[PDB]
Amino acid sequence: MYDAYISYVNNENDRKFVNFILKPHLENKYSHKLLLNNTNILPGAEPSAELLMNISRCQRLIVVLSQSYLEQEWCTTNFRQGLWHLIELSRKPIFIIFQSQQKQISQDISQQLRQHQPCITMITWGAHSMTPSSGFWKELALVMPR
């Protein structure tokens, strides 16, 4: 049924980005019906129940992979296992990272994300974005359904 599933953590910056920037744009021009939650989709580095039951009715998975998101226990203790689970559960999860925060992204996380690069989409957000013609919205459009 749904076009995408949006996994984020509920840090102020992140929730304004999800609810004011991203959710309105994908719901308008691209006509999408979105599912989204700010809980831990990988408790114990194993898929949660809400995610196991909900993802099967979503075509894509967008992770708002911020510094606050990357502080979660699965991110800090077994990012490979969780990334495996994401890739295996949706096929081509999209990961939104932030140019301002890439300072903070630890070595192993950036390497794991580039390593799988054809499989996963890495989208980056800078000052350039928000103009609907943008590297960001171009990329996110090409990886969305139809």
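Don't overthink the numbering: it's just position in the shown sequence, from 1.
**OP:** Can you let me know which of the two, 44 to 52 or 62 to 70, has the higher average C-alpha B-factor in the entry?
**Re:** According to the entry, 44 to 52 carries the higher average C-alpha B-factor.
Original post:
If you average the CA temperature factors over each stretch, which comes out higher, 131 to 139 or 6 to 14?
Top reply: The entry gives the higher C-alpha B-factor average to 131 to 139.
**OP:** Among the candidates 111, 78, 121, 39, give the one with the maximum CA B-factor reported in the record.
**Re:** The C-alpha B-factor peaks, among 111, 78, 121, 39, at 111.
Subject >> Modelled-residue ranking by C-alpha temperature factor, third containing residue 85 >> reply: For residue 85, the deposited C-alpha B-factor lands in the lowest third.
Original post:
Which third of the chain does residue 26 land in by C-alpha B-factor: lowest, middle or highest?
Top reply: Its C-alpha B-factor belongs to the highest third of this chain's values.
Original post:
residue 94: which third of its chain by C-alpha temperature factor?
Top reply: For residue 94, whose C-alpha B-factor we compare with every modelled residue in the chain, the answer is the lowest third.
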